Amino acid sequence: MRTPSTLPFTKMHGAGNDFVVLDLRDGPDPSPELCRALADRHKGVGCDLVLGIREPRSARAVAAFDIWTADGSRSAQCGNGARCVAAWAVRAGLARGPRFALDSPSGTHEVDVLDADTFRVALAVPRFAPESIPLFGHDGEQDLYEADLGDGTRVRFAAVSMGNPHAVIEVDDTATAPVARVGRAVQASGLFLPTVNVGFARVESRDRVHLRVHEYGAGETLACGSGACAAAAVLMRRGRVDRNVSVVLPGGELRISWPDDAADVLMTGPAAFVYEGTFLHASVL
């Protein structure tokens, strides 16, 4: 039922972090050229990430997925995307049952189906040691570190690795924060790897946290799952919120659970099917 010259796809999003999902089983990977075209919001389809679904690699998983950014390069992990792959897998008959595993580029992740739209994904175990983030110029683990980013920009932040590095800055109001400017400053500070994602968090209660994230490469999007998990863990590590907490992002709301310091952070949230598509003249770019 696949017309030659065309590429079927599914447009999805997880809390406004949006994806072009391809079924890559028994065929090639998309070239970088094709990924770039797919992600072009005006002349292509438009998305934060291209996700390609294949047969499982691990013994237990029901499907595997790979990830491409809007410039065509591969990416090692994605938070919101995993929920969309899970929903897509359920819809395609790949994944039956309340619980199943998915292979990402970097690991195998257990998924719980909470309802048709809601999926819970184990992401990673937070690492706080300055040595594992790495947090340069710091040796003792601390709840908060302090950065002099030049006169007029003094920043107090927490630090944690979720596979990717994260700086978490508490704010009076997130809608409000110099996300792009301070996020770029922290990224260029040399306190972290240049890949650090900078979150700006406002604690509404022990149950509810508001967050914006300046992400490496993309900059800010509507939702950064890794950053949400990082903000939650940091605020839990310092006793500010409960071990189950809602994180409110521009594009949607997630529920983060971290039952034990040695356990994986769990990320619950929505997955949405937006439209089905057929990209024309897929060989002509």
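So that there is no doubt, residue numbering starts at 1 and follows the sequence shown.
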{"property": "Residue range whose averaged C-alpha B-factor is higher in the record, 101 to 109 or 135 to 143", "result": "135 to 143"}
{"property": "Given 181 to 189 and 91 to 99, the range whose Cα B-factors average higher in the PDB entry", "result": "91 to 99"}
{"property": "Out of 120, 127, 166, 212, highest CA B-factor residue", "result": "127"}
{"property": "Residue of maximum C-alpha B factor among 60, 54, 255, 42, per deposited coordinates", "result": "60"}
{"property": "Chain-wide C-alpha B factor ranking for residue 216, given as lowest, middle or highest third", "result": "highest"}
{"property": "Ranked against its chain, the third holding the CA B-factor of residue 278", "result": "lowest"}
{"property": "Residue 26 - Cα temperature factor, lowest/middle/highest third of chain", "result": "highest"}
{"property": "Chain-wide C-alpha B factor ranking for residue 202, given as lowest, middle or highest third", "result": "middle"}
{"property": "Position of residue 266 among the chain's modelled residues by C-alpha B-factor, lowest, middle or highest third", "result": "middle"}
